[PDB]
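# make a model of this:
(11 chains, ligands or ions: 5)
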Amino acid sequence: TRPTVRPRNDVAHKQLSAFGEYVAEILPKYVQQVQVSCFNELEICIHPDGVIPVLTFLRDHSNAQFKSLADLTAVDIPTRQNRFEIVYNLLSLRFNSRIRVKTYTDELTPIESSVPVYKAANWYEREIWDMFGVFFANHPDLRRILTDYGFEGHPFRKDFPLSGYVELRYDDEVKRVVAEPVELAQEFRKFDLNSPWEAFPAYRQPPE
Amino acid sequence: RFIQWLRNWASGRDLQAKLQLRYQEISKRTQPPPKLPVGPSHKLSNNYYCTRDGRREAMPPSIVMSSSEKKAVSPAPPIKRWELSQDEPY
Amino acid sequence: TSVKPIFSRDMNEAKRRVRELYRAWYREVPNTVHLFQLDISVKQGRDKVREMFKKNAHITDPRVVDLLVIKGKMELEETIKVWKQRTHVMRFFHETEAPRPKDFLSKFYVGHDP
Amino acid sequence: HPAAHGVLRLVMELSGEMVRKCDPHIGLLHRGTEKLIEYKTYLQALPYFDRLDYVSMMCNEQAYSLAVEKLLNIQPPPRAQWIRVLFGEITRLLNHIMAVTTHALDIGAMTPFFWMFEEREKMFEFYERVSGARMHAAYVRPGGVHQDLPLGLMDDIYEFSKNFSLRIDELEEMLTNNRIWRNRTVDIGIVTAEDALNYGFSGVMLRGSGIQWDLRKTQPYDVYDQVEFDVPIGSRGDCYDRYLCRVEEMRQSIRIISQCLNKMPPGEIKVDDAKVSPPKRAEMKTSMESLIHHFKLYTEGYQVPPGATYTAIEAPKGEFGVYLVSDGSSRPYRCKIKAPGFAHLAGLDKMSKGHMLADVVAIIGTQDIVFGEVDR
Amino acid sequence: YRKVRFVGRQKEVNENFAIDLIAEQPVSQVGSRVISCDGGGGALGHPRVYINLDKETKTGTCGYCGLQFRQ
Amino acid sequence: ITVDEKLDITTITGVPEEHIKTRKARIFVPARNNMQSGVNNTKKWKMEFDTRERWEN
Amino acid sequence: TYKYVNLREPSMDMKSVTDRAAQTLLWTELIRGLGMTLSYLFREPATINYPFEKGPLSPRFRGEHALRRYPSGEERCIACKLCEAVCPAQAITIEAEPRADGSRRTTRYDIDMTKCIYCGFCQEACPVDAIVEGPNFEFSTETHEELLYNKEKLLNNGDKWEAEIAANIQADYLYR
Amino acid sequence: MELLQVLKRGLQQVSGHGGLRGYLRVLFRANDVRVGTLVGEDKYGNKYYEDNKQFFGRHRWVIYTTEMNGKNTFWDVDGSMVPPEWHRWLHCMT
Amino acid sequence: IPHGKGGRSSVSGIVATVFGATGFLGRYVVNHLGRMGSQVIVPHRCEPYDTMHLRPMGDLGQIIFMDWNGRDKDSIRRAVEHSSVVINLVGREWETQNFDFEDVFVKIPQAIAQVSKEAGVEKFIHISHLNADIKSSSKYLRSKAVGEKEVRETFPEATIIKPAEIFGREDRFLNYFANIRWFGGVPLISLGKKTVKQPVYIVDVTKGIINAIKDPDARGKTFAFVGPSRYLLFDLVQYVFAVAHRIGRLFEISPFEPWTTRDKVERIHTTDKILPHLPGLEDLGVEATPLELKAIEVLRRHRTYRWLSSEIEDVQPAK
Amino acid sequence: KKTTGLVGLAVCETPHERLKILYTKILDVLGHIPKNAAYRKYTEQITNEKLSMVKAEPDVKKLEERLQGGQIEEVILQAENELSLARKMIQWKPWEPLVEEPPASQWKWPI
Amino acid sequence: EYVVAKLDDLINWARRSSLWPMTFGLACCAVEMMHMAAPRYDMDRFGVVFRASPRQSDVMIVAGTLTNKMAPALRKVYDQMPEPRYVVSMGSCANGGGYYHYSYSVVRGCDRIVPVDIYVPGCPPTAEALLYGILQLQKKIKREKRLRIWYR
Ligand SMILES: NC(=O)c1ccc[n+]([C@@H]2O[C@H](COP(=O)([O-])OP(=O)(O)OC[C@H]3O[C@@H](n4cnc5c(N)ncnc54)[C@H](OP(=O)(O)O)[C@@H]3O)[C@@H](O)[C@H]2O)c1
Ligand code: SF4
Ligand code: SF4
Ligand code: SF4
Ligand SMILES: [Zn+2]
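Numbering: from 1, shown residues only, chains lettered A, B, ... in the order given. Ligands and ions are numbered 1, 2, ... in the order given. Structure as follows:
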């Protein structure tokens, strides 16, 4: 359009269009939506039964290696009727390309863990257990990482209010370092910044 | 002096790139008042929004998803190898 | 209910699993009372455990009971070993915290409707 | 103590004299980071990426600003790219001074710590003259650099950077052909297989052992293609030849600085279209249209379109990735950080078995573990 | 009830006040219709605002400027 | 397989402390801060909780 | 591209082995190495003698807070509520009131000096150019009850100098 | 023969600066013993010397004297006694 | 007036003023007032450093420190001006080589029964002991009875407290025993006739006060603290060696802080179990603590692990 | 050569006939997958174009071009593990049609 | 008298002639302390030698940020220190916690665990306002142990 606006290219917008066309053509048991990101990236929606095989198809092949697990993460979403969102991410070292694996889930429904396929996701899966409560099945070592020994909230989800319940202190009443109910010395003001007029017309929701 | 060349028989010899810049060749200050221009389509009668449009670009274009002699095309052409950078590669 | 379970199937392997780990905790009360050098009476540590299991008996569903197992299974790693430095164990015994009124008229003198 | 100053409690069921089992405990500095960025705006939550490492200052915020420009469809202007390289390749002479000194202080050499930090204070001078402050500078923004650097810094970087290759010619005679330090570090912690890629490692503890790859000349950042340099590789797979990347990269960073002084175009700094950059102080004080975009760009933030993204730069020990889901309003949704220490330290339990206990303190220094970045 | 925190602490408080230090200004006169006040010097002080001075005759200290301004 | 169909009401417990029975939530549609006239602030059902004491420090 | 380091075999002949067997046995390294590189003590030490000498700084430095005022006083603040909306750490606490003359001012103004994360976001959000990060790191009080600042500390702390501050801002307002 | 080649400069430097009393009086506070080249003017009696441009960082040294506003004789120097004008000078800010 | 939860950082209405508050009895009181939260103005005599472990009790601006000699009037008339209650626990053991020890329990509780009384305070509280009797014992035990009598003239309603003998955590009473690793264990005086007293637990005496500090209507009604179950024997000294298995002083040592070859050997064995018509602890509810539960903790010598506790006492008789 | 580039691999030993065994080792397995899958339809195509370039031409270096694996020992390992994928590919059935559509509003991001 | 109060012109001078700091380098204020041991503003040999062991130290210096999982390990280490001990907190996170004052996993202030003497404010204080911090600590030592045993 002008300077200070990002120039795109149609090369990678056509190749990454054409490449992952046949990842839905040759495993149509699991893959249920594929969409191309406008900034030349790929997302591929996978039913949670296909957590191990579509990785295992990728893990070794001649046409799509994807041998580096960069980032396993997890997002929680109320109002979805299935809460969470597990997002895998991989790296084709032979090819310089990215693809993300977005598998939805719920709390009580377990997920078959990707420990045997990648040994990178040993610590990326003990962590998500602590922060949301997703129970990854048959994990070789499931423990308590990044939290204290007394938290029972799984705090990175939307039901845990920002400051905790267990604000700590010391007393000389015996020797110990003891807990207490939470007691702030300031309100933590909550500002309101969401301004009207619906500035974005392209992403507009259907009218209803 | 005798303490000068004793530093020249040991650990090479520099005498110019001393550690402290406390000696000369140290910059004192700067004089002038700075003036900074404003260039990229700041002016008028052509330079103009709705041609400048740094935002408002469409959603990610989805491909065929649910609800032919393809030659097994890779995501990209594979990485060609590198040189060995002739400065002193060994 | 179309979702696979964790360990149990229906009401019987679950309610023998919860009776299994109680025999672990009943054995591993009088060990930590000297393994941390904490000076109370040993019957206090057994009263807290038989208090704690009766709390959750309103469940009419499997794999919720199995979720509480995993928490109960995990604590025997830290407690039977030495990973809590005398202080994370003693938080179950609210010694410092003042007593709550829990009767109507004593709330009315102190506190705007807790 | 004397192992990251007061953190990293680890258990070692040592098999007689060898270790053969080692499982550390993190979470002694957790602070609640990713919970807390959900309650801020974009510009306001920027100085919690600067504190996410310790020692990289402008290398972080280089991978936050670049992960928000993608969502906005805005490129930075041309002078704003040759500033970011002159700093993003001067923090690679700070993260590599620390990894070659504090490693060699845990081992026990006294002076090259003191010999380099006496010289290092010529270079924390340069942050103060440009941004305003000592270490944590809130300088890079999602529309380029905040403000212009003063009259100077080109007769003072040039006096500095023409005399750094002698200071790096001292560590070669302290350490490389030294015998005792070579004996303390050869063939130790040889993890080299494709289990050293199945673990998902980023750079060095990769390329120092085999696989030649890095994201600076297989992907672009900036006007960063227009410089020329070579990427040092290692021969065998141990600590002494992933040490030698860090000595050799510091010589190659002088080449990318001396190539950067010649090329800076005069011009603007901020992104011009004013829905992202604030305007000048002499501009919001005469005209009318400038307050409405100075005021309202400080009560609420920008407005960024929805949709996820991911990126990666070459942080001077690994990567630094952001998975920044933005909903469509001034406060963002989840912001997941990828940093090293998840890869670089899950792969210690493989790396440590068979060797002594006094080999284990020799292992950890080469990964350049900086805590608060294990808060990924 | 509250005053015990500065027993032997000298209670350091402000000395000059600008609650009313406006009034010592020789309120400026022009003989015009509208005047600018980017008061305090250019590129510093409050932004430029145009005040109507026609009552019988004062301006109102610009809202920002504080200094009593008139004709 | 082992899909074990049944029906039992999903209720979870243990995570908060005592604020289950003490606090009644409130679901509402927010309605247009009337000093302006833009209607993007609507269109989302929210929830919000009770207010309690705020003394002075 | 590439570069290979530590990829070289030894010579392994009759000559150069004596060159290496003079190293291990009679120490042609480790004395020529570090009995000479260390001493080299004969440089002048660089120590700032702190109670008298002080170190260099720069005119954009960040530090203690202040509130300026105009020529003959007006308390340059106007309580426009922006320096409190972009503190990332929520330190500022402003409560205005219509003052009796008609121009609006503050009543209470509170800056914690512990939640202050030292951005420079108050310094640059202000339209009327009042609250300025002043260039003096003189601090170190002995009570947490003290580092909470009021309004009538900052003015006193902002009129202990303005010859210091106004020499700085006049040099540096031309960039921003 | 540098034992007298450069001590001849130091002989007038050490001895002939304030005699016998003016030398050890500054020696008992620190090893800051070099007489500076130039002088400052301000303010009380504390002539803030400025050196011969043969240093950097240690080229702007100050002296304190006695009891600014209720202090001891010489054995309490805290460093915050300076006037708020030398902050523009002592810190090399201009 | 109160507000909110009384966990920390609340207001709770009261503004105490606790004199002494450095020793074993005075310190442990202030800990329970640095919880419910209140302006506990604590003045101290001559100790800048020895009071430093008292500061993480008052939240932020709760407590405040002043210096005061005690004999001078206005140094104790400057802190008592803004107050609600004021309790007293000042005093010591043996006569010092500078003071006179006689009127220190007479004029000095009266020096803070001065214009302190006039200025508008209420609920002024003094302390007593269960053995302070005007019959001919002792130089310390009587002349405390002067403080029971000669200070009762002013403030005709106080609720002066009369606690029992205390065993605690950092005390001197029980700790005077088992510190007798020495050339012999000599009891007083090779007899077990009237041993033992009522060792009340120090958490109860500091819980009696804070239930009396807003009781209400407890003025003039003096109280006497019940001890444990129930009397005790000479078996105590055998019980101390059963589980044990055999501030601001100076720079190097204080050469005189002794074990007092004087009245102190018989300042504790004069028992005098006093009037059981005093109300005196259970009505100042609710607290009743034994000895055999809290006996493991404060007794601590070189075994440090192996206790194997089974030592007990029947009641003893006259229970 | 003695260095195989990537440390952890080894030059042992024979090129040009270690490969052509392992292609046709899989082609026997590749015939077994019940042919209506697109998996056979592509994987048969990628091995035949490979081996027609492979068998049988010097040098060792020329096989690296036109078949874009890495060095020759690693080109073995691209095909070595595709066998290990292939016998797993019979076990589960990717060629069968789709199972358990998500409940019609899950992949709609701006809420 | 003049005999006894003269003796605390030596002991209260011996106690301030050599402090031996423990430090808790936890977060970003560790590095901006290490530049003070770097020979520009050289910490040692202005009286105060650097880091030692927990049994031998006088005056500890808290830095960084105290979470929940470091709160007992601080107080245990504070116990082992001798009787003339002092606590300095540097950093703006041991003063009320920087930011992360509102997030769940931070002990909000580090005075809630130990009694701390000299507060030094600033995200990283510039090792220039920390020598001014410790030169406030030496000026704090004007106390005497004489006229305590000699008054009462
Ligand atoms: N109820 C009981 O069972 C019992 C048992 C024994 C003693 N007492 C007496 O009841 C109170 C309990 O005190 P305690 O157990 O904590 O022991 P304590 O050592 O007497 O502490 C009381 C405080 O009073 C201070 N003091 C002594 N003389 C003073 C004076 N002229 N002026 C100001 N302060 C003076 C003491 O030293 P400082 O001056 O340095 O502060 C001490 O800090 C004391 O009065 C004690 O004599 C009661
Ligand atoms: S300085 Fe500016 S932002 Fe701060 S109160 Fe005054 S007018 Fe408002
Ligand atoms: S420096 Fe930053 S955090 Fe501190 S008061 Fe100013 S705006 Fe707020
Ligand atoms: S807030 Fe201050 S103390 Fe905390 S990590 Fe950042 S710089 Fe260090
Ligand atoms: Zn004006």
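
# so how many other residues sit close to residue D:341?
Counted with other Cβ atoms under 10 Å in any protein chain shown, the neighbours of residue D:341 add up to 21. C-betas here are computed from N, CA, C, even on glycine.

# touching, residue I:248 and residue I:47? I think so.
Yes. Here residue I:248 lies in contact with residue I:47, judged by Cβ atoms under 8 Å, at a distance of 4.7 Å.

# overlap in contacts of these two?
residue K:148 (Cβ atoms under 8 Å, 6 or more residues apart in numbering or on different chains).

# looking at chain C, what residue ends up closest to ligand 2?
residue C:112 (34.1 Å; Cβ to the nearest ligand atom).

# chain B now?
Ranked by Cβ to the nearest ligand atom, the top residue of chain B for proximity to ligand 2 is residue B:36, at 24.4 Å.

# what's the closest non-adjacent residue to the closest residue to chain B within chain G?
Using Cβ to the nearest Cβ, the point where chain G gets nearest to chain B is residue G:36, with a distance of 3.7 Å. On the basis of Cβ to Cβ, 6 or more residues apart in numbering or on different chains, the spatially nearest residue to residue G:36 that is not a chain neighbour turns out to be residue B:10, at 3.7 Å.

# how far away is that neighbour from chain C?
53 Å (Cβ to the nearest Cβ, to the nearest Å).

# and that residue, how many neighbours?
Here the number of neighbours of residue B:10 (other Cβ under 10 Å) works out to 16.

# where is the longest helix in chain I?
Counting residues, the longest helix in chain I under DSSP state H turns out to be helix I:24-36.

# can you show me the CA trace of that helix as PDB?
What follows is the C-alpha trace of helix I:24-36 in PDB, where atoms were taken according to Å, rounded to 0.1, in the frame of the first residue of the first chain:
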ATOM      1  CA  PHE I  24       9.600 -12.900  78.300                       C
ATOM      2  CA  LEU I  25       6.300 -11.800  79.700                       C
ATOM      3  CA  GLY I  26       6.000  -8.400  78.000                       C
ATOM      4  CA  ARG I  27       7.100  -9.500  74.500                       C
ATOM      5  CA  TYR I  28       4.700 -12.300  74.000                       C
ATOM      6  CA  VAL I  29       1.700 -10.000  74.700                       C
ATOM      7  CA  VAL I  30       2.600  -7.600  71.800                       C
ATOM      8  CA  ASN I  31       2.700 -10.600  69.400                       C
ATOM      9  CA  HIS I  32      -1.000 -11.100  69.800                       C
ATOM     10  CA  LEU I  33      -1.700  -7.400  69.400                       C
ATOM     11  CA  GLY I  34       0.300  -7.300  66.200                       C
ATOM     12  CA  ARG I  35      -2.200  -9.600  64.700                       C
ATOM     13  CA  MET I  36      -5.600  -8.100  65.300                       C
END
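
# is chain A within reach of the helix or strand that comes right after that helix?
The first helix or strand that comes after helix I:24-36 along the chain, using DSSP states H and E, is strand I:41-44. No. With Cβ under 8 Å from any Cβ of the partner chain as the criterion, chain A is not reached by strand I:41-44; the gap is at least 14.5 Å.

# and stretch I:4-15, anywhere near chain F?
Yes. Shown here: stretch I:4-15 in contact with chain F (Cβ under 8 Å from any Cβ) through I:4, I:9-11.

# could you grab the helix/strand/coil label for the spatially most central residue of chain A?
Computing the C-alpha centroid of chain A and ranking residues by Cα atoms, centre = their mean puts residue A:74 first, at 2.6 Å. Taking DSSP: H, G, I helix; E, B strand; the rest coil as the rule, one finds residue A:74 in the strand state.

# that one reaches residue A:89, doesn't it?
No. With contact taken as Cβ under 8 Å, residue A:74 and residue A:89 are classed as non-touching, separated by 11.9 Å.

# in chain G, what residue comes closest to chain E?
Checked against chain E (Cβ to the nearest Cβ), the nearest residue in chain G is residue G:74, 3.6 Å away.

# skipping adjacent residues, who's closest to that residue in space?
residue E:66 (3.6 Å).

# tally of neighbours for residue I:71?
Neighbourhood size, residue I:71 [other Cβ under 10 Å]: 13.

# tell me which element the residue lying closest to residue D:17 once chain neighbours are set aside is part of?
The shortest distance from residue D:17 to any residue other than its chain neighbours is 6.4 Å, reached at residue D:356 (Cβ to Cβ, 6+ apart). Residue D:356 is part of no helix or strand, with elements assigned from DSSP H and E.

# list the contacts for residue D:356?
Residue D:356 sits next to D:17-19 when contact means Cβ under 8 Å, 6+ apart.

# ligand 5: which of those residues is nearest?
Each of those was checked against ligand 5 using Cβ to the ion; the closest is residue D:19, at 74.1 Å.

# against chain A, how distant is that closest one?
If you go by Cβ to the nearest Cβ, the gap between residue D:19 and chain A works out to 18 Å.

# distance of that residue from chain E?
Residue D:19 sits at a distance of 58 Å from chain E (criterion: Cβ to the nearest Cβ).

# who's in contact with that residue?
Taking Cβ under 8 Å, 6+ apart as the criterion, residue D:19 is in contact with D:12-13, D:352-353, D:355-357, D:360.

# report the buried members of those.
D:352, D:355, D:360 (16 or more other Cβ atoms under 10 Å in any protein chain shown).

# if we check ligand 3, which of the residues you listed are in contact?
Near ligand 3, judged by Cβ under 6 Å from any ligand atom, there are no entries from the buried ones among the contacts of residue D:19.

# need the residues you listed in JSON lines (columns: distance to ligand 2).
Supplementary listing: these in JSON lines, determined by distance: Cβ to the nearest ligand atom, whole Å:
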{"residue": "D:352", "distance to ligand 2": "55"}
{"residue": "D:355", "distance to ligand 2": "60"}
{"residue": "D:360", "distance to ligand 2": "54"}
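
# all strands of chain H, in order?
Taking DSSP state E as the test, none of chain H falls into strands.

# one more: the stretch 1-150 of chain D?
For the stretch 1-150 of chain D, the strands defined by DSSP state E, counting those that start in this stretch occupy D:9-12, D:22-25, D:140-141, D:144-145.

# okay, helices next: where are they in the chain?
Looking at chain A here, since you left the chain open. Residue ranges of the helices in chain A, as given by DSSP H, are A:10-19, A:53-59, A:123-131.

# not quite, go with chain B.
Using DSSP H, helices in chain B cover B:2-5.
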